[PDB]
Amino acid sequence: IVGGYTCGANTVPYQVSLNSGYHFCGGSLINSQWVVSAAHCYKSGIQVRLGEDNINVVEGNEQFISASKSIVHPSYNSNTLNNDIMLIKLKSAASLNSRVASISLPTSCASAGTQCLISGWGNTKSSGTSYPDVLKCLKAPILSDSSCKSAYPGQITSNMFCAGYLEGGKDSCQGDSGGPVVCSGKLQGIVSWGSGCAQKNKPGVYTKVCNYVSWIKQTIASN
Ligand SMILES: NC(=[NH2+])c1cc2cc(-c3cccc(OC4CCCC4)c3[O-])[nH]c2cc1Cl
Ligand SMILES: [Ca+2]
């Protein structure tokens with residue numbers, strides 16, 4: 001997160017860190033045994049780390065659970081990043097409490113201007129790499145589809161939306177990938193892609209979760 005602030009320990013209880021010997025992507029807990037992340041964060045050997053604040057220090061509240069299976073969307077396209085969503089089933093259910101809790105899936109899509117919270121342990125510099133130890137937060141609005149398409153002509157599908165600031169300075173970045181975009185208490189987006197981080201007129205592009213709720217529900221129900 002570039003231009004964001006320290007969230008505060010466990011203030012984002014649905015935030016998870018996907019770890020393979022180091023933090024590589026974020027994710028969101030949607031129930032005690034399932035997490036939603038981005039398809040481009042897929043790899044084998046994933047350990048899901050819940051209740052984390054400093055990812056390099058065991059401070060208490062952490063639950064480390066191995067992923068039993070990861071389900072990348074069948075129509076995921078790695079060239080366009082269209083359908084960039086993946087479901088990870090945990091080997092055992094997590095113990096939910098005030099520090100580890102799930103986030104609700106949306107019943108409707110959000111509108112432009114809706115302010116959302118994006119969080120993660122991704123890079124905090126736009127020019128260079130600085131990864132943080134604790135969780136960073138950024139409040140950002142969903143942009144209108146004309147502004148989004150004008151920024152990325154020909155690259156936005158109906159399963160994506162842009163959020164952020166066209167003036168640059170505040171944005172999500174690599175490492176925040178797969179993590180949550182929460183608006184009014186509902187998971188509306190997944191950190192997917194953008195041109196650089198916090199560059200002027202190049203907002204972040206997010207997977208539009210409201211278009212996948214029946215898919216998530218049917219897939220969970222059958223696995
Ligand atoms: N807000 C933005 N401008 C932005 C920037 C990046 C940058 C990435 C990104 C860059 C390099 C590698 C990535 O994933 C690899 C690391 C782990 C597996 C795939 C990214 O997600 N994702 C991004 C997502 C966004 Cl929304
Ligand atoms: Ca920790």
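These numbers come from the heavy atoms of this one structure, side chains and all, not from hydrogens, waters or symmetry mates. FYI, the numbering just counts along the sequence from 1. For ligands, and for the atoms within them, numbers begin at 1 and follow the listed sequence.
Among the atoms of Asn54, an N, O or S atom is found under 3.0 Å from the Ca ion (ligand 2). Between the Ca ion (ligand 2) and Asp53 there is no N/O/S contact shorter than 3.0 Å. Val58 lies apart from the Ca ion (ligand 2) in this respect, since none of its N, O or S atoms is found at a distance under 3.0 Å. Metal site remark for the Ca ion (ligand 2): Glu59 contributes no N, O or S atom at a distance under 3.0 Å.
Remark: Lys170 is positioned above the aromatic ring of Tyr165, its terminal NZ or CZ atom under 6.0 angstrom from the ring centre and at most 45 degrees off the axis.
Between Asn83 and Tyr212, the shortest heavy-atom contact is OD1-OH, 2.7 Å.
Every atom of ligand 1 is numbered from 1 in the order shown, and the set under 4.0 Å from a heavy atom of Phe24 is 17 (C). Listed by number with element, the atoms of ligand 1 under 4.0 angstrom from any heavy atom of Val191 are 24 (C), 26 (Cl). Interface atoms of ligand 1 facing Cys25, defined by a heavy-atom separation under 4.0 Å, are 17 (C). Per-residue contacts place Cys197 under 4.0 angstrom from the following atoms of ligand 1 (heavy atoms of the residue considered): 3 (N), 5 (C). Those atoms of ligand 1 with a heavy atom of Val205 less than 4.0 angstrom away are 26 (Cl). Atoms of ligand 1 lying under 4.0 Å from any heavy atom of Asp171, numbered from 1 in the order shown and given with element: 1 (N), 2 (C), 3 (N). Within ligand 1, counting atoms from 1 as listed, the ones closer than 4.0 Å to a heavy atom of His40 are 13 (C), 14 (O), 18 (C), 19 (C), 20 (C), 21 (O). Of all atoms in ligand 1, listed by their number and element, those nearer than 4.0 Å to a heavy atom of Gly204 are 1 (N), 2 (C), 26 (Cl).
The Ca ion (ligand 2) is closest to atom OE1 of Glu52 (considering only N, O or S atoms). Restricting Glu62 to its N/O/S atoms, the shortest distance to the Ca ion (ligand 2) is reached by OE2.
Atom OG in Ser75 sits 8.5 Å away from atom CG in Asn82 (nearest 0.5 Å).
A donor-acceptor pair under 3.5 Å is absent between the side-chain atoms of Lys139 and the main chain of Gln115, judged by distance alone. Using modelled atom types, one side-chain atom of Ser177 and one backbone atom of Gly175 make a donor-acceptor pair closer than 3.5 Å. At least one donor-acceptor pair closer than 3.5 Å links the side chain of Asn31 to the backbone N or O of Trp34.
For ligand 1, one of its N or O atoms has an N or O atom of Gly196 under 3.5 Å away. For ligand 1, the polar-atom distance check against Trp193 finds no nitrogen or oxygen pair separated by under 3.5 Å. Below 3.5 Å of separation, one finds no N or O of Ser195 facing any N or O of ligand 1.
Here atom 8 (C) of ligand 1 lies nearest to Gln174 when heavy atoms of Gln174, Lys43, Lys202 are compared. Between atom 22 (N) of ligand 1 and the options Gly194, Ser192, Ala38, the minimum heavy-atom separation is to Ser192.
Shown are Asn159, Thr207, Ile71, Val72; of these, the side chain to side chain contact (heavy atoms under 4.5 Å, CB included) with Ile85 is made only by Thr207. Among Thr6, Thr124, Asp176, the one residue that satisfies the side chain to side chain donor-acceptor pair (under 3.5 Å) test with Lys136 is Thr6.
Environment of CZ in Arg49: crowded, with over 12 heavy atoms of neighbouring residues, nucleotides or ligands closer than 6.0 Å. Residue-environment remark: NZ (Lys91) stays at or below the threshold of 12 foreign heavy atoms within 6.0 Å.
Centroid-to-centroid, the aromatic rings of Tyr22 and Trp121 stay 6.0 Å apart or farther.
With a 4.5 Å cut-off on side-chain heavy atoms, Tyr152 and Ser195 count as touching.
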